[PDB]
Amino acid sequence: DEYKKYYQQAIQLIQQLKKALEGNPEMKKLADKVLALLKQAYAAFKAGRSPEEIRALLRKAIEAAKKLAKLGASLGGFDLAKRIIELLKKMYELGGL
């Protein structure tokens, strides 16, 4: 189950990243947004939706994670955000099943 593996890995990285964002509200909001879209994408995947629907949710997640990583380049958290982006892109490729 490739999608599940990357999903669970991304969930743990997001939760770990959130721990380091206590006084950074914009980053916290973006991390919460990435988490919400990641869950919606996995729900669409489990429900048998179109590759387009799954990838739209993952694309929105990737764009939010890129904004998070840019903030993390200045304030900390970049390496975790960068790995989250890479995991989202791996799930994006699997959406075409």
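Residues numbered from 1 in each chain as written, not as in the entry; some residues may be left out. Heavy atoms only, no water. Residues with missing side-chain atoms left out of burial classes, pairs and counts.

- Method of determination, as given in the entry header: X-ray crystallography; reported resolution: 1.7500 Å.

**Some words on the overall build of the chain**
- When helices and strands are counted, the chain shows four helices and zero strands.
- Going from N to C terminus, the chain has its helices and strands arranged as α-α-α-α.
- In summary, the chain has a C-alpha radius of gyration of 13 Å against a globular reference of 13 Å for 97 residues, a match within 12%.
- Its C-alpha atoms give the chain principal-axis dimensions of about 40 × 20 × 15 Å.
- When contacts within the chain are restricted to residue pairs at least 6 apart in sequence, those whose partners lie at least 24 apart make up 72%. (Helix = DSSP H or I, 4+ residues; strand = E, 2+ residues; numbered from the N terminus. Rg over C-alpha atoms; globule rule 2.2 N^0.38 Å. Contact = heavy atoms within 4.5 Å.)

**Points about the pattern of salt bridges**
- All chains considered together, the criterion is met by five salt bridges.
- Its salt-bridge partner being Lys 18, residue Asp 32 comes within 3.5 Å of it at the nearest N-O pair. Taken together, the residues span a long stretch of sequence, with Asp 32 in helix α2 (residues 25-46) and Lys 18 in helix α1 (residues 2-19) at a distance of 14 residues.
- Here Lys 18 falls in the partly exposed class, since its relative accessible area comes to 25%.
- When the shortest N-O distance is used, the salt bridge between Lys 82 and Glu 86 registers 2.7 Å. Residue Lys 82 and its partner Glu 86 are both found in helix α4 (residues 78-94); the two are separated by four residues, about one turn of the helix.
- For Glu 86, a relative accessible area of 32% puts it in the partly exposed group. (Salt bridge = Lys/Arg side-chain N within 4 Å of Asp/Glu carboxyl O. Buried < 20%, exposed > 50% of the residue type's maximum accessible area, 1.4 Å probe, protein only.)

**Considering the environment of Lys 19**
- As for its placement among the helices and strands, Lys 19 is situated in helix α1.
- Taking relative accessible area as the criterion, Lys 19 reaches 61% and is therefore assigned exposed.
- Residues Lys 19 and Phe 78 lie 59 residues apart in sequence; the distance between their C-alpha atoms is 14 Å.

**Quick notes on the nonpolar core**
- Counting residues in each nonpolar core, the largest one holds 33 residues, and the members touching the most others are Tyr 3, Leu 38, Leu 68, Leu 88 and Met 91.
- Looking at this core, the elements that each hand over two or more residues are α1, α2, α3 (51-75) and α4.
- Among the elements that make up this core, the one with the highest residue count is α2 (ten residues).
- Every residue in contact with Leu 38, bar those within four places of it in the chain, is listed here: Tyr 7, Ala 10, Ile 11, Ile 14, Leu 88 and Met 91. (Core = buried A, V, L, I, M, F, W, Y, C linked by side-chain atoms within 4.5 Å.)

**Points about the packing of α2 against α3**
- Running from N to C, α2 and α3 point in directions that differ by 160 degrees, and their axes come no closer than 8 Å. By the angle between their axes, α2 is roughly antiparallel relative to α3. Here α2 runs over α3; the crossing is left-handed. (Axes fitted to C-alpha atoms, helices over the stretch in contact; angles between N-to-C directions. Parallel < 35°, antiparallel > 145°, perpendicular 65-115°, else oblique. Left-handed = near helix turned anticlockwise from the far one by under 90°.)

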